[PDB]
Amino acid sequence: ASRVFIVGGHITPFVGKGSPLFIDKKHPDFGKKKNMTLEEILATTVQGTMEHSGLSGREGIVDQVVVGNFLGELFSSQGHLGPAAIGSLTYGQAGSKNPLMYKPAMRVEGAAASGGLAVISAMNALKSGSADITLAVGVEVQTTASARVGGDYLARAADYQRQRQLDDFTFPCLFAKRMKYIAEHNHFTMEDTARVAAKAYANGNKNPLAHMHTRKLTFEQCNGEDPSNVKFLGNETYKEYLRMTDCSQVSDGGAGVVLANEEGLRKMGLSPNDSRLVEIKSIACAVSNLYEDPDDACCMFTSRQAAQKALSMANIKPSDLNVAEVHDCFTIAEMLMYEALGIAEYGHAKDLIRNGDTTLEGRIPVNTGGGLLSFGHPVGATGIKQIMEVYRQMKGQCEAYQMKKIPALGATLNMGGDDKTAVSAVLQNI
């Protein structure tokens, strides 16, 4: 087994409605300057990743590139992101010399798990001998359509034939449906989900890259007492179980990471104990059946399978973790992710949230920079953002949201669709 190391990476600001970085009718530059395109975000991500990893001027030592992206063919009319990434180093300098020419590249997809699947592909390439240094980048632009057209696009992650009819906001409806069953079993409550949102927004207020950085929300606002916090679904069966503040943001952004094996480190002139490295101890993927849903909506079975495989392969227990990043696409999902990861037992996520165990001051901080709720959710980027967030904490780089006790062990859990794809990784600080 060849060891795999994160050498460095980059996360863009995540932007959309409500960010002062987003150009809309309220913005000074409206009509004069535009928001970044998918191509521009990909170029900023690739370049920033190479720069932060020490590869500027020697990008030719990267052996291959993997791009995670979910819906570029719909939001930007652009597939084939492999060769877009090959062109990203020199984007806008037509005819410049391009050290990535002719290298392997491809795009991987598994809905919001696309970024995590990109890291898996990159790692297989490292362990198979076909690469010693790999670039994995995840990007998404979703702000180019209305929220309602965007909802139909996102519904590509569901069993579209079977489930699109639930609601124009198909995904929010699928999680409202879970939350209804959850509330009926008293597994946890809408108050508890309001506590998740309060935590996410307080964390994002410490994070200048966060979509909702400037938005301050109290527990009371998240719990439905602000009348701007609407129960917005059309489906009358499920609409009482999802507020706006329960939902991840519609964001644009990118995240990238450079991965290396022991031979890659040697080429870069680095030792395996270099203080800039994090080891990926394990990574695992589990996928369930798109066409059939388990009866027990209180459990994310697929996410749990992936987390168990990863922790087992790394030979650690959930109680060994010092930090985690989980797929909080709704407040509802974070709670379930506590239990999928195993930092709470089944029915005890509510204990963790009521006691502050996952806050920055808690014994197991989760989603320290705002998660999908506040940091934002450019779908393809998210799995790589999670990895880089853990890396940033382990390297002391998080500024106002830096954990005081540098974490030795971390985990990520990245989910696609209604718990149909899951990717989980265990990271160990060097």
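For every residue, the number given is its place in the sequence shown, counted from 1.
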For this session: Identify the stretch, either 280-288 or 352-360, whose C-alpha atoms have the larger mean B-factor according to the entry.
Result: 352-360
Problem set entry | Of 67-75 and 159-167, the stretch whose C-alpha atoms average the higher B-factor in the entry | 159-167
Seminar exercise, completed: Entry record, C-alpha B-factors for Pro13, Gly416, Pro20, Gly9; the maximum is at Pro20
For this session: Name the one of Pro83, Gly110, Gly224, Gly151 with the greatest CA B-factor according to the PDB entry.
Result: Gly224
For this session: For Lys206, return the chain-relative third of its C-alpha B-factor as stated in the PDB record: lowest, middle or highest.
Result: middle
Exercise. When the modelled residues of the chain are sorted by Cα temperature factor, does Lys26 land in the lowest, middle or highest third?
Worked result: highest
Exercise. Compared with the other modelled residues in the chain, in which third is the CA B-factor of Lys216?
Worked result: highest
Exercise. What third of its chain, lowest, middle or highest, does the C-alpha temperature factor of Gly129 fall into?
Worked result: highest
Exercise. Going by what the PDB entry lists, where does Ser312 fall on CA B-factor within its chain: lowest, middle or highest third?
Worked result: middle
